[PDB]
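Notes follow the structure.
By convention in this document, chain letters (A, B, ...) are assigned in the order of the sequence lines, proteins followed by strands, and residues within each chain are numbered from 1. The basis for the numbers below is simple: all heavy atoms, side chains too, and nothing from hydrogens, waters or symmetry mates.
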Amino acid sequence: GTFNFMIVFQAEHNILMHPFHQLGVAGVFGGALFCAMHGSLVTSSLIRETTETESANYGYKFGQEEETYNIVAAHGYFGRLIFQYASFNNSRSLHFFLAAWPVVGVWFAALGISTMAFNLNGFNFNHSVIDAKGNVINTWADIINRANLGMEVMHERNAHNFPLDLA
Amino acid sequence: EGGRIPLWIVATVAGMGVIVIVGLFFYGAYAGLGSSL
Amino acid sequence: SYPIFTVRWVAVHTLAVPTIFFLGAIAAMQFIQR
Amino acid sequence: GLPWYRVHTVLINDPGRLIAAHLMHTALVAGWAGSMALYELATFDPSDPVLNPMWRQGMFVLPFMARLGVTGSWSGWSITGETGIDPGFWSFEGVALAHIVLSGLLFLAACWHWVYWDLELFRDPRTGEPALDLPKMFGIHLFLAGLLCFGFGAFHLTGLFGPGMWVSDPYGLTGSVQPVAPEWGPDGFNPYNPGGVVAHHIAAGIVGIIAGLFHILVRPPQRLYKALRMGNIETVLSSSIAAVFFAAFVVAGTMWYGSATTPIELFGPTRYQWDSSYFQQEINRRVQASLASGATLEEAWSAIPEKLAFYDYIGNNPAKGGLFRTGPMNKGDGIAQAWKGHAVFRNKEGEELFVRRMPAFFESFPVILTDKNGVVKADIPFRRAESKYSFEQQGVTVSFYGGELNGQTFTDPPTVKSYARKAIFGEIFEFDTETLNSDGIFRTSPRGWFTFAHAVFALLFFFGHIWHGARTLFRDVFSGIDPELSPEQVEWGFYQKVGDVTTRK
Amino acid sequence: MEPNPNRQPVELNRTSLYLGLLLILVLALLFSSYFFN
Amino acid sequence: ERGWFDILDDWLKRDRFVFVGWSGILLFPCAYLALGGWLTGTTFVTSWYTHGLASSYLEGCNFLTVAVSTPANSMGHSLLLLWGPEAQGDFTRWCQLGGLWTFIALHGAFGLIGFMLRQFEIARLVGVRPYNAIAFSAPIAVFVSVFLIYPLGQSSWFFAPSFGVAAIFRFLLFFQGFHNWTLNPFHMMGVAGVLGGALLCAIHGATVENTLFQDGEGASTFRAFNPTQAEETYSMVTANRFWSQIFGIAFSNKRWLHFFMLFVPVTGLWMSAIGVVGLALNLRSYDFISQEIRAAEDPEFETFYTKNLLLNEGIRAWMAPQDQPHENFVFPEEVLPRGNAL
Amino acid sequence: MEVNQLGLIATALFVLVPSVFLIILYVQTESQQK
Amino acid sequence: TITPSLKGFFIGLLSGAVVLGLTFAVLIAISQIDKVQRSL
Amino acid sequence: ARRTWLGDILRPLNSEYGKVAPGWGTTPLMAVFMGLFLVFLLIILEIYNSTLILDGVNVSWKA
Amino acid sequence: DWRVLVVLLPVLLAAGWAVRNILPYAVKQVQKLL
Amino acid sequence: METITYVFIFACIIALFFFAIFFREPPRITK
Amino acid sequence: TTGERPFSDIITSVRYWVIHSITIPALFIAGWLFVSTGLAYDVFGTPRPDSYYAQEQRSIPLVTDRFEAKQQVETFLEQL
Ligand code: CLA
Ligand code: CLA
Ligand code: CLA
Ligand code: CLA
Ligand code: CLA
Ligand SMILES: CCCCCCCCCCCCCCCC(=O)OC[C@H](COP(=O)(O)OC[C@@H](O)CO)OC(=O)CCCCCCCCCCCCCCC
Ligand SMILES: CCCCCCCCCCCCCCCC(=O)OC[C@H](COP(=O)(O)OC[C@@H](O)CO)OC(=O)CCCCCCCCCCCCCCC
Ligand SMILES: CC1=C(/C=C/C(C)=C/C=C/C(C)=C/C=C/C=C(C)/C=C/C=C(C)/C=C/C2=C(C)CCCC2(C)C)C(C)(C)CCC1
Ligand SMILES: CC1=C(/C=C/C(C)=C/C=C/C(C)=C/C=C/C=C(C)/C=C/C=C(C)/C=C/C2=C(C)CCCC2(C)C)C(C)(C)CCC1
Ligand SMILES: CCCCCCCS[C@@H]1O[C@H](CO)[C@@H](O)[C@H](O)[C@H]1O
Ligand SMILES: CCCCCCCS[C@@H]1O[C@H](CO)[C@@H](O)[C@H](O)[C@H]1O
Ligand SMILES: CCCCCCCS[C@@H]1O[C@H](CO)[C@@H](O)[C@H](O)[C@H]1O
Ligand SMILES: [Cl-]
Ligand SMILES: [Cl-]
Ligand SMILES: [Fe+2]
Ligand SMILES: [Mg+2]
């Protein structure tokens with residue numbers, strides 16, 4: 001039923017072509033990326049507190065006062081992976097970013113659905129490119145349109161009596 | 001001379017240049033090729 | 001005191017030089033009519 | 001204690017128990033081979049190599065036995081459809097029995113090596129510590145690999161001392177095991193040339209013998225020994241896994257595209273043979289040649305071998321299955337019984353119409369008929385109220401040439417439409433759908449299943465290589481980084497060279 | 001025979017058991033429909 | 001000892017603004033060309049001869065609709081090298097044939113290899129464990145399965161994703177209509193890993209920022225952290241209690257937490273890659289056989305599963321003629337599946 | 001519904017085999033001294 | 001004989017050789033000119 | 001450790017752990033074989049791919 | 001082709017002006033390294 | 001049998017929630 | 001720091017803008033001319049608005065042969 005909702009939504013609002021959903025994707029793709037990033041960087045710089053035969057997780061004790069990884073070493077790594085000023089050396093700023101990126105993106109995703117609720121839809125570039133004579137030169141937007149038309153004509157196949165699906 | 005033109009002026013002018021060029025790109029969405037007309 | 005041409009200089013220009021060129025090209029495209 | 005994902009690390013410093021674990025693994029694999037062959041023999045129907053070959057029956061190991069010259073059963077049949085043949089000991093059953101016995105012997109050897117793990121052989125004579133000289137071990141194993149590879153090519157494949165290998169005509173009609181001469185010219189590198197396979201094993205074998213001798217006699221450069229951590233058995237794990245995933249990707253590719261080593265009578269046709277209408281073209285060539293030689297249309301189509309028509313059917317295309325559509329292809333469309341013959345559609349004006357065939361991408365496809373110039377002439381409408389091209393309006397008929405329905409013409413519109421629906425799949429067959437309670441839904445062949453498993457495993461083994469490569473090169477920090485690691489090593493501006501203390505500014 | 005000194009104790013703590021059972025059960029809840037088909 | 005190799009090694013590994021390393025010899029040219037190829041194609045290059053599409057700013061497309069499109073289906077899986085037998089050294093024809101697609105895909109592939117080698121190289125030099133490289137195996141599994149394995153199992157590169165925003169959207173919808181890819185449990189695990197990863201990103205960031213110790217006088221709390229400080233900047237004990245009481249469970253081990261953050265999205269992407277390897281062969285989770293047997297026999301039986309297949313059937317019939325022009329599909333109006341009125 | 005008859009055994013073993021493996025490991029951890 | 005695609009192959013082979021050759025020549029040269037300074 | 005008849009015979013084959021040739025040794029020759037192997041793989045790939053098309057080499061079931 | 005010259009004419013005049021404005025500081029950098 | 005199977009797995013998951021929460025390894029402060 | 005001059009120092013310096021008040025506009029104008037002269041079309045083989053179709057043709061010039069693709073496009077371009 002979730003997938004049904006998504007496909008029909010695409011047919012009626014062209015959500016893929018809506019910048020708020022695109023922001024949403026940036027939020028979740030980026031949130032996953034930054035999750036893997038932060039996970040890998042902290043894990044990469046754990047201070048040796050255990051033997052080869054035991055899990056490194058026993059190197060941290062719940063409620064210990066000392067930090068369990070070396071952020072300066074993590075920064076020294078990531079700053080060299082890209083460049084120095086592209087990497088965080090402030091943990092508070094780093095974690096704020098981790099909070100803000102997916103949260104803001106998902107806010108925009110929520111707003112996409114909440115504003116397509118009132119039929120302000122994704123960008124429509126159907127037949128936007130025209131040649132000298134006036135022949136329509138299709139773009140990938142028009143191919144998206146053909147897919148959307150397939151969903152539109154088929155959905156709720158017995159529900160429509162009149163030519164326009166107005167809600 | 002390394003420091004004569006203040007950075008805030010460079011940022012403001014550079015930023016304004018970005019707005020103008022992107023603004024031109026948006027204008028072009030409504031005229032000529034890709035305008036649907 | 002500071003060097004002028006560096007690896008950093010090359011990396012910056014490999015991006016900067018075509019970017020400005022491309023932007024001028026796309027600027028010109030905005031006046032093309034069918 | 002050791003976390004669950006590390007339990008097998010107790011073997012790193014224990015060569016004897018590593019050999020034991022390897023022996024147990026080998027025993028499990030050979031046991032699987034034996035079991036699988038026996039299961040397949042218990043289920044396989046050998047009565048029809050034409051319309052019910054092994055690849056229609058979900059057979060996975062049977063084609064591998066057949067590929068290398070094992071084609072007969074102790075019960076008297078052979079996969080080519082012969083009766084009264086004596087395969088000797090090396091029938092399908094004999095091969096299965098050998099693997100089971102090998103499994104057992106390997107299991108016993110594992111037990112011995114587990115218990116008697118503390119052999120003087122496994123200890124360094126100078127330190128008394130467990131040690132394996134991996135560089136020399138490689139030379140020994142490479143030399144043996146070369147010998148076996150050469151012998152397989154020089155004796156088995158050539159038929160000089162051995163059965164040869166499966167070969168066939170370009171349309172997979174007359175396949176059999178034959179001796180194959182090596183091809184020494186540039187065509188030896190043609191994947192469809194079996195002589196290339198023979199030449200490969202001869203030549204690569206010799207190179208393996210030579211390089212093996214080199215690796216026994218010449219020690220690794222200090223610089224390579226240090227860089228690749230040749231004292232650490234896990235370096236070998238990393239690089240071996242790499243070689244294995246390369247090999248896994250290659251067998252996936254050759255299975256999917258086809259080669260001399262993935263014959264269509266053993267694994268089924270390829271999707272690409274449908275994409276390019278490979279069998280339809282040959283069928284048409286033969287029909288045209290028969291007509292040119294003066295045969296009637298009935299005689300021309302009746303001269304088409306059942307087996308050739310069957311390849312020209314989408315149900316045998318390996319790109320038509322599903323991930324959870326389990327079992328033999330027979331479980332979907334049924335056990336093929338007979339070709340119905342070639343369906344020829346005509347409108348009331350008598351012009352020949354051709355049904356648009358289903359591409360592999362499409363789970364379902366409309367029925368549309370065109371003339372020889374591709375102009376639409378008839379179809380099966382969805383909405384009826386504005387239909388122009390219905391079979392009823394156009395007076396579409398169907399006549400059959402060759403097969404069961406040879407000489408018959410059908411004019412009843414629902415009957416004609418029913419045949420047109422079958423024609424989107426290519427040539428039309430009669431199936432037994434009752435014996436296996438077939439559900440009518442296409443399944444892939446062993447070609448499809450082999451390709452899936454191997455491409456997936458190959459990809460996963462890439463992660464394995466990366467993981468064990470990391471473990472090898474970063475062993476010193478496996479439990480964590482230096483607690484006394486100086487900020488100067490990781491901050492900027494202290495050393496001219498990253499991580500080299502001698503380059504301090 | 002003398003003991004093998006390479007032998008090591010093995011562990012799975014309670015949290016790992018819970019995490020493991022969750023993985024298994026949820027994987028079963030997911031794949032079961034496809035197994036039944 | 002101090003030969004040309006060692007001298008070259010010194011220079012490659014200099015602490016400079018943009019680290020180079022041995023991996024940089026592979027990384028920088030391949031990454032630069034992949035990006036350069038994309039920008040070049042989307043600015044200037046058509047898809048008229050391969051797809052019948054305009055695809056560049058020059059032709060009137062915008063940022064969302066430009067693409068470097070795949071070669072025509074008749075190209076098969078040709079590497080389509082500039083000096084190859086298709087283009088024969090002619091740069092213009094090469095562009096018209098979709099040569100930029102294989103150029104970008106292949107340089108992109110060797111670029112990602114170089115980037116992951118860079119991750120290994122830097123980690124070794126700085127003396128950290130190479131978990132970042134390991135996590136990057138997920139983006140590699142995705143790029144390889146989707147941009148290489150998928151089209152390689154299909155008829156040609158044509159059906160690989162085209163390098164563009166809208167073109168990628170088309171790829172999504174194609175996968176829905178043809179593969180019913182939403183029904184695939186490997187895609188579903190991918191979704192769980194991505195959304196679970198984004199969840200973990202948000203929740204961990206927010207938790208740290210809301211369990212901070214007061215280590216300064218500022219109401220803006222960012223300045224009250226020193227990179228070299230020994231102490232944790234936030235309370236794990238307070239964080240743990242909060243979550244235990246809110247959700248029922250909480251992290252108590254910081255090392256497990258951060259490893260779990262690697263594990264979740266990395267594993268998810270890997271699972272999605274396995275699904276796509278299957279789709280390379282049309283080995284789909286398309287149907288539930290039990291559902292189909294019931295529905296065929298019982299015209300009153302309907303589920304959301306059957307509803308979605310009808311949508312797929314519409315997608316296929318309506319998009320195929322323009323999306324697959326090499327097939328020369330002509331579907332007369334009357335054969336097109338449509339519900340009432342629409 | 002006409003489901004695959006091996007679906008039940010497949011599901012059951014898929015759950016039981018690894019669940020049991022974890023239970024074996026957990027319990028023998030608990031019973032260790034310290 | 002040398003088919004057009006075999007010639008194309010040689011051309012691609014030489015172009016890659018030239019690209020790699022020049023790259024390493026330039027990097028070796030720069031490495032020798034701008035050496036790192038170490039303590040004796 | 002336990003000596004056996006077979007262990008004694010094989011002793012020499014597992015006695016040189018850690019033994020290396022000095023410096024770069026045969027690395028240059030290794031590099032050449034690696035280079036040639038790369039060219040070999042490129043050739044067979046391009047033949048299979050129909051990017052390299054040779055006389056008398058018809059990459060198809062029909063040859 | 002004449003447009004190739006017309007298009008690259010601003011580029012070459014810009015590169016030359018940059019050299020003239022940096023040559024005293026470029027010769028100084030190269031002589032310091034050698 | 002399928003409904004039973006699905007409901008069984010679900011029930012086992014709910015039971016697991018209960019034990020994971022109320023019979024967890026209690027977090028203990030140390031250093 | 002890694003040794004190179006700070007970007008902030010550079011982009012605020014007179015000598016930078018003496019140089020770049022020339023190089024930046026020149027490159028921009030070069031790009032403009034690449035399009036305005038129509039050279040961009042011919043370099044990349046991108047149809048002009050009047051060169052997608054022949055006057056009476058309403059069929060897309062799709063490449064259908066792998067090894068005669070180059071000649072096919074040439075044939076298509078002749079037909080314009
Ligand atoms: C004259 C003597 C001779 C002859 C006639 C042959 C003939 C053959 N050789 Mg052999 N070989 C020889 C001597 C010879 N060889 C010698 C002396 C050696 C050194 C020991 C080898 C080592 C060798 C290797 C390593 C291979 C062959 C292969 C082959 C086959 C090539 C056709 C094919 O199917 O390729 C198919 C294989 C390829 C086209 C190579 C694929 C290259 C890939 C693309 C590299 C990248 C890998 C990477 C993991 C991919 C990831 C991305 C991807 C998933 C998208 C053919 C049977 C190949 C084979 O076994 O085919 C089944 C093969 O892989 N030979
Ligand atoms: C290379 C491996 C391989 C391949 C390609 C085949 C191929 C084939 N087999 Mg054989 N077989 C194998 C190994 C293989 N087998 C093994 C190891 C056994 C012992 C179990 C068998 C025993 C066997 C029997 C008894 C039968 C076959 C049959 C078949 C055919 C139908 C296959 C099918 O329906 O699959 C179905 C495939 C699936 C449903 C996909 C499996 C997907 C799994 C569940 C994914 C798991 C996901 C994982 C839990 C996620 C982890 C996430 C976590 C890491 C976070 C086909 C020719 C049938 C045949 O027709 O016989 C004549 C048949 O009856 N096979
Ligand atoms: C030749 C192949 C090979 C071999 C010999 C090893 C061996 C090893 N691995 Mg590597 N690895 C491989 C390939 C291999 N691996 C591949 C392909 C991957 C990616 C999937 C990995 C990813 C990997 C990771 C992430 C880790 C290892 C670790 C280890 C070590 C401990 C393993 C252990 O105790 O597991 C114990 C396993 C169990 C108790 C149960 C595992 C159940 C699996 C997941 C499902 C059932 C699989 C089934 C029975 C077998 C199917 C056969 C299949 C090949 C078709 C050991 C050195 C560990 C290590 O480095 O320790 C320091 C470790 O953390 N491996
Ligand atoms: C490390 C950087 C790097 C890497 C890995 C690649 C890799 C690739 N390039 Mg890219 N390229 C690069 C840098 C790189 N390039 C640079 C700097 C430029 C600007 C000039 C380009 C411009 C470029 C273009 C225009 C094209 C490529 C293409 C390709 C592909 C095919 C290459 C090939 O077949 O050569 C084969 C050559 C080798 C593998 C080198 C061989 C070296 C061996 C070991 C020595 C033997 C040679 C010997 C000395 C010569 C004797 C020959 C004699 C008998 C005649 C491949 C993806 C093609 C592609 O993308 O098509 C879609 C393509 O058209 N490249
Ligand atoms: C993402 C890709 C990737 C990454 C990050 C690594 C990383 C690692 N590798 Mg693995 N490897 C890979 C893929 C990768 N590998 C592939 C596809 C193979 C072939 C099977 C191998 C074979 C391999 C072996 C045998 C070994 C490693 C080892 C290592 C480690 C040391 C670094 C090294 O040797 O790199 C190797 C360098 C590369 C992967 C870069 C290759 C660049 C090529 C030559 C460019 C070719 C251009 C091509 C000719 C253009 C034509 C294209 C054509 C389609 C037209 C490190 C863990 C070593 C290790 O484990 O030490 C303990 C080890 O022994 N690798
Ligand atoms: C402020 C405008 C809202 C934009 C969202 C960004 C901040 C709020 C979202 C955080 C939610 C995460 C959970 C709480 C995580 C949490 O607890 O945060 C904590 C973090 C630090 O708290 P402090 O107490 O130090 O500071 C906040 C106040 O006390 C003032 O000092 O707060 C901030 O950094 C606020 C920054 C506002 C500065 C303006 C940001 C504007 C962003 C621009 C977005 C543009 C979108 C472009 C798209 C194309
Ligand atoms: C989309 C990402 C999400 C981030 C959203 C947050 C918005 C805030 C903007 C932050 C963006 C990050 C940039 C930090 C920028 C920042 O905030 O710091 C400002 C920083 C100030 O540096 P200075 O003026 O001190 O000059 C640097 C010298 O002192 C060092 O010797 O300037 C830069 O680092 C920018 C350099 C441009 C880079 C040109 C080099 C290009 C080479 C290519 C790099 C290769 C990468 C390797 C992989 C192959
Ligand atoms: C001792 C002995 C003996 C015997 C032996 C035997 C009797 C055997 C065996 C054996 C065997 C009989 C075996 C086996 C096996 C098996 C196996 C090893 C298996 C497996 C499997 C697997 C691993 C799987 C998997 C999977 C699944 C389940 C599903 C899907 C996916 C996959 C594919 C992943 C004798 C008398 C000779 C003598 C001396 C001693
Ligand atoms: C292909 C090729 C090549 C190469 C090339 C290259 C390397 C290039 C380049 C290039 C480039 C390198 C370019 C560029 C560019 C660019 C651009 C075009 C840009 C832009 C932009 C923009 C427009 C911006 C915007 C924005 C953003 C993004 C964010 C936010 C805001 C804004 C809105 C500001 C060669 C010859 C080898 C050969 C063959 C082929
Ligand atoms: C463990 C059971 C052993 C039974 C052996 C029966 C030998 S039977 C023997 O097998 C040969 C295969 O090499 C054939 O050449 C020959 O025709 C056949 O009679
Ligand atoms: C250990 C029990 C295995 C005994 C089975 C050995 C069968 S032996 C086998 O028998 C076939 C049929 O009679 C003959 O065709 C063949 O010549 C012979 O080798
Ligand atoms: C760029 C490919 C890397 C292959 C490395 C092979 C190094 S080769 C090595 O080089 C030394 C100086 O560096 C010399 O002293 C020595 O004579 C030479 O054999
Ligand atoms: Cl619906
Ligand atoms: Cl209505
Ligand atoms: Fe954190
Ligand atoms: Mg415009």
Checklist entry - So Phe88(A) and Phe97(A), would you call those rings parallel, tilted or perpendicular, with 30° and 60° as cut-offs? => result tilted
Checklist entry - Does the side chain of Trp256(F) pick up a donor-acceptor pair with the side chain of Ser55(A) at under 3.5 Å? => result no
Item to check | Over-ring placement of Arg8(C) relative to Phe7(L), 6.0 Å and 45° cut-offs | outcome: yes
Item to check | Reported CG-to-CZ distance for the pair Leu112(F) and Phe136(F), which is rounded to 0.5 angstrom | outcome: 5.0 Å
Item to check | Test item: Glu49(A) side-chain N/O and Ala56(A) main-chain N/O as donor-acceptor pair under 3.5 Å | outcome: no
Checklist entry - Does a side chain donor of either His468(D) or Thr472(D) reach within less than 3.5 Å of an acceptor in the other side chain? => result no
Checklist entry - Rounded to the nearest 0.5 Å, how far apart are CG of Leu257(F) and CG of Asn57(A)? => result 10.5 Å
Let me have the donor-acceptor pairs involving side chains of residues 121-134 of chain F, under 3.5 Å, with sequence neighbours excluded, atom names and distances please.
| unit_1 | atom_1 | unit_2 | atom_2 | d |
| --- | --- | --- | --- | --- |
| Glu121(F) | OE1 | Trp22(F) | N | 3.2 |
| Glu121(F) | OE1 | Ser23(F) | N | 3.0 |
| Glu121(F) | OE1 | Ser23(F) | OG | 2.7 |
| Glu121(F) | OE2 | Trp22(F) | N | 2.9 |
| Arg124(F) | NH1 | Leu473(D) | O | 2.8 |
| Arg124(F) | NH1 | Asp476(D) | OD1 | 2.9 |
| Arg124(F) | NH2 | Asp476(D) | OD1 | 3.4 |
| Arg124(F) | NH2 | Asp476(D) | OD2 | 3.0 |
| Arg129(F) | NE | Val477(D) | O | 3.4 |
| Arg129(F) | NH1 | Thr43(A) | O | 2.7 |
| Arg129(F) | NH2 | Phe478(D) | O | 2.8 |
| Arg129(F) | NH2 | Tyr131(F) | OH | 3.2 |
| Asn132(F) | OD1 | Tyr77(A) | OH | 2.7 |
| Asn132(F) | OD1 | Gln119(F) | NE2 | 2.9 |
| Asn132(F) | ND2 | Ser40(A) | OG | 3.2 |

Checklist outcome for this item: Interatomic distance, CZ@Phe37(I) vs CG@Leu41(I), rounded to 0.5 Å, equals 4.5 Å
Checklist outcome for this item: So CG of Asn70(A) and NE2 of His75(A): to nearest 0.5 Å the spacing works out to 11.5 Å
Checklist entry - Would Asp9(F) and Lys13(F) satisfy salt bridge (charged side-chain N to carboxylate O under 4.0 Å, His left out), going step by step from the backbone distance to the final call? => result CA-CA 6 Å; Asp9(F) 189 86; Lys13(F) 296 168 172 177; 3.1 Å; yes
Checklist entry - Is the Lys NZ or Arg CZ of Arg80(A) less than 6.0 Å from the centre of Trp492(D)'s six-membered ring, within 45° of the axis? => result yes
Next on the checklist: Do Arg5(L) and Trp9(C) form a cation-pi contact, if we require the NZ or CZ to be under 6.0 Å from the six-membered ring centre and within 45 degrees of the ring's axis?
Outcome noted: no
Next on the checklist: Can you confirm whether the side chains of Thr51(A) and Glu54(A) place a donor and an acceptor under 3.5 Å from each other?
Outcome noted: yes
Checklist entry - Taking the six-membered ring for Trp, is the centroid-to-centroid distance between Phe28(F) and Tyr32(F) below 6.0 Å? => result no
Next on the checklist: Under 6.0 Å between ring centres: does that hold for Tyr69(A) and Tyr60(A)?
Outcome noted: no
Checklist entry - What residue among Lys254(F), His258(F), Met236(F) forms side-chain contact (heavy atoms from CB on, under 4.5 Å) with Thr68(A)? => result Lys254(F)
Item to check | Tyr2(C): side-chain hydrogen bond (donor to acceptor under 3.5 Å, both in side chains) partners, not counting sequence neighbours | outcome: none
Next on the checklist: Quick check: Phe163(F) with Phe147(F) (ring centres under 6.0 Å apart)?
Outcome noted: yes
Checklist entry - Using the ring of each side chain (for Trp, its six-membered ring), is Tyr234(F) parallel, tilted or perpendicular to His95(A), with breaks at 30° and 60°? => result tilted
Checklist entry - Is the shortest distance from a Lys or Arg side-chain nitrogen in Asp10(F) or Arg38(H) to a carboxylate oxygen in the other one below 4.0 Å? => result yes
Checklist entry - Quick one: does NZ or CZ of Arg92(A) land under 6.0 Å from the six-membered ring centre of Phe225(F), within 45 degrees of the ring axis? => result no
Checklist entry - Are the ring centres of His107(F) and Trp38(F) closer than 6.0 Å? => result no
